[PDB]
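Residue numbers (the authors' numbering): 32 to 250. We put the beta carbon where it would ideally sit given N, CA and C, even for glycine.
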C-alpha cells in the first residue's frame, strides 16, 4: 500500500539549461539514478534495464533517462504523434493536488507528446508554443526511423519549464510537493513492454492512473 517517494534536489542555474548539457550538470551536483523496473503485468514480462533521475532549478524540472533494450523505433513524424508505439519514456505529473494531471511522453528520437486535464474529460494535447517550451535531447535524436533490431543503449533528457503546465499558473517549484510517475514502453516494438517507477494495481496496462502516482518532494 502507498506509492513510492522521491526527493527532487535543487540545482543552481542563472539561466535555462539546454538538454545536451543536463547530464553533466546532474553529475556535477551528484544527482543519483533511480531504477524504473516495476513489471506490474506478468502478461508483458520483458524488463529492459531502465533508470532515471530528477532535479530542479526552481523554474524548471530536469529529467534524465538511461535505457538498454533489445530494439528501438521512432516512426512518429511530429510532436503530439503516436510516440507510445515507438521506444518511449514517459513522465506523468499532477502539480497542485487537484485532479488535473499532465503526461509528457517522448520517443527515443526526441518527438514529444503532452496532454493535460482530469481523467473524466478529453485531455487536450498541448500547443506548439508549449511543446516549444520543453527542451529535449537524445543520443538517438534526429530523423524519424523504422525499427532497428539489436541491443541498444540510449539516453534522453527533458527540461520542463514551470510554464509548460499549460492549464495552471505554477510560479516556482521551490518546496512544492507534487504527485507523479515515470514509465517505459513501446507498443509497436518487437517485444512490447510496460514498466513503471511506483507500482500500479490495475488488472491490465494502464498508465493514466493518478491514484497510483508516487510523491515528488521538491527541495
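Q: Please classify residue 101: does DSSP put it in a helix, a strand, or coil?
A: The three-state reading of DSSP puts residue 101 in strand, counting E and B together.
Q: Taking only the alpha-carbon atoms, compute the straight-line gap between residue 156 and residue 242 and give it to the nearest angstrom.
A: 22 Å
(Q) Using the three-state DSSP reduction, which class does residue 56 fall into: helix, strand or coil? (A) helix
Q) Given a threshold of 16 other Cβ atoms within 10 Å of its Cβ, counted over all protein chains shown, does residue 167 qualify as buried or as exposed? A) buried
**Q.** residue 180 burial status per 10 Å Cβ neighbour count (16 or more: buried)
**A.** exposed
Q: Would you list the residues sitting across from residue 166 in a DSSP beta bridge?
A: 190
Q | Contact the segment 140–156 vs the segment 113–120: 3+ CB pairs below 8 Å | A | Contact check between the segment 140–156 and the segment 113–120: three or more CB pairs, one atom from each, fall below 8 Å, which counts as touching.
Q) So the beta strand (DSSP E) residue 121 belongs to, where does it begin and stop? A) 119–125
(Q) Using DSSP's beta-bridge definition, name the partner residues of residue 86. (A) 40, 93
Q: Go through its chain and collect everything with a Cβ distance to residue 250's Cβ below 6 Å, but skip five positions before and after it.
A: Taken in chain order, the residues that qualify are 40, 41.
Q: Tell me residue 136's beta-bridge partners as DSSP assigns them.
A: 121, 144
Q: Check whether the Cβ atoms of residue 221 and residue 148 sit closer than 9 Å, and answer yes or no.
A: no
Q: Under 7 Å Cβ to Cβ from residue 194, same chain only, skipping five residues before and after it: list those, please.
A: 164
Q | Distance between residue 67 and residue 82 (C-alpha atoms, nearest Å) | A | 5 Å
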